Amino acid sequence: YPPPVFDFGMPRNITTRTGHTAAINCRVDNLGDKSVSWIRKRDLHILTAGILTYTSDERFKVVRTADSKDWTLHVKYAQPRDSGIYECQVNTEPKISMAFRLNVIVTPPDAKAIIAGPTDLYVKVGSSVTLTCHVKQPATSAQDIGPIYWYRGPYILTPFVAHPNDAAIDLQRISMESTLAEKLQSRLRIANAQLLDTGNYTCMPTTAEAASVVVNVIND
């Protein structure tokens, strides 16, 4: 028989942005009938034993794959106080264990793109459409300003960025303007709307989470 053994190639330094769900994946081969436990080394707080959750902090849960090879510890709404060493533990005797380090960073602050207006627009053929996107972020912006791109579905619209892109969309009717007037902003205009312009337009920043509007061009 083969004793359970860890896959020591799994990432051992998880880094999560505060507010996001942190995930520490632990893979054990040849588990057999042995269980995997997640424990906090700092104070010995048992987090999960098998699929049973022991801790009462609602943000901690363990998930295993169907084949029980991959055990993952999820920390919802991670906060810096969660940074530390967590031990993946198999109940052999003696017990084996691997140690992962969670580092919950806080810089930069949460940034989220917003597109003023309803989420699903409906415009007639020949009409014009304008989508105004801006990044909601704390006061401190400083030198953390990056380009903002647009997409219709999976196809980027910003010219001279994706090279080569054989799926480039004709920009004769579509213009984009990115200005930084205190607040980082980007405006997309479609002139003379056409049925083929219908799609899921996405405002894709490089310093903030993306947002999207669905644009529907219709007849009449």
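Note that residue numbering follows the sequence shown and begins at 1.
A summary of the deposited B-factors shows that, of 206-214 and 193-201, the stretch with the larger mean C-alpha value is 193-201. When the two stretches 143-151 and 129-137 are set side by side, the higher mean Cα temperature factor goes to 143-151. Sorting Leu180, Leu188, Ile156, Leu44 by the CA temperature factor given in the entry leaves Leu180 at the top. Residue-level inspection of the entry shows that, of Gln79, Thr119, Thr92, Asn103, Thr92 has the top Cα B-factor. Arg173 sits in the highest third of its chain by CA B factor, as recorded in the PDB entry. Sorting the modelled residues of the chain by their CA temperature factor places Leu184 in the highest third. Sorting the modelled residues of the chain by their CA temperature factor places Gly9 in the highest third. Annotation for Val62: CA B-factor lies in the lowest third of the chain's modelled residues. Among all modelled residues in this chain, the alpha-carbon of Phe160 has a temperature factor (C-alpha) in the highest third.
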